[PDB]
Amino acid sequence: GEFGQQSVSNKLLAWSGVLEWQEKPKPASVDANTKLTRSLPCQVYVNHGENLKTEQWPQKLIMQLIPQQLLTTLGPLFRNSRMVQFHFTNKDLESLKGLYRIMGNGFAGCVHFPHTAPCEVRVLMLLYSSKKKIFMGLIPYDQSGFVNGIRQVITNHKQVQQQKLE
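Counting the sequence shown from 1 gives a position; the working numbering is that position plus 15.
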């Protein structure tokens with residue numbers, strides 16, 4: 016009965032991109048209305064045996080840091096998702112540590128594939144591994160459902176709908 020081994024052992028580089036995001040308004044400029052845009056180049060690994068259709072994947076993605084439990088609240092729709100491992104390189108040290116700071120604070124990140132080529136994958140979710148101290152992203156198998164679902168959630172938050180918040 017030999018079947019059921021997760022082929023995450025041998026990791027294949029299938030794509031590399033950079034996440035560009037809004038940094039926290041830390042004293043450096045006007046701060047208030049200034050979008051400090053920092054970015055970390057990531058190399059993304061997949062599992063062996065399969066392949067990822069990364070010819071639909073750009074090398075710059077807009078990543079939005081959002082509360083981890085907000086994702087937990089969305090949950091079931093992305094129960095089955097493929098784990099893509101995001102290995103970052105040293106570029107913005109402030110932002111690297113602050114990304115580490117922010118995820119550790121209780122964050123995940125919305126990886127948005129620009130509305131120009133949202134071919135299959137339109138939004139992807141970044142999370143932090145507490146054990147591997149690296150970042151991992153998940154490609155939900157309900158891609159459009161994730162996007163609309165997360166958008167309604169973000170709208171629910173910004174419109175001020177008092178629905179689940181400690």
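Quick reminder that beta carbons are idealized off the backbone N, C-alpha and C, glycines included.
As DSSP reads the structure, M140 sits in a beta bridge with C125 and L153.
The criterion of a C-beta distance shorter than 7 Å is satisfied by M78 and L34. As computed with DSSP, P56 is found in a beta bridge with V33. Taking a 10 Å sphere around the C-beta of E38, we find 16 or more other C-beta atoms and assign the residue as buried. Bounds of any beta strand (DSSP E) do not take in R166; it lies within the alpha helix (DSSP H) bounded by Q158 to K173.
When DSSP states are grouped into helix, strand and coil, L27 belongs to the strand group.
By alpha-carbon distance to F128, the top candidate from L27, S96, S24 and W36 is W36. Separation of the CB atoms of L55 and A43 is rounded to 18 Å, and the pair is thereby denied contact status at 8 Å.
DSSP places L67 outside both helix and strand once states are collapsed to three, so it counts as coil. If you check the CB distance, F93 and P155 come in under 7 Å.
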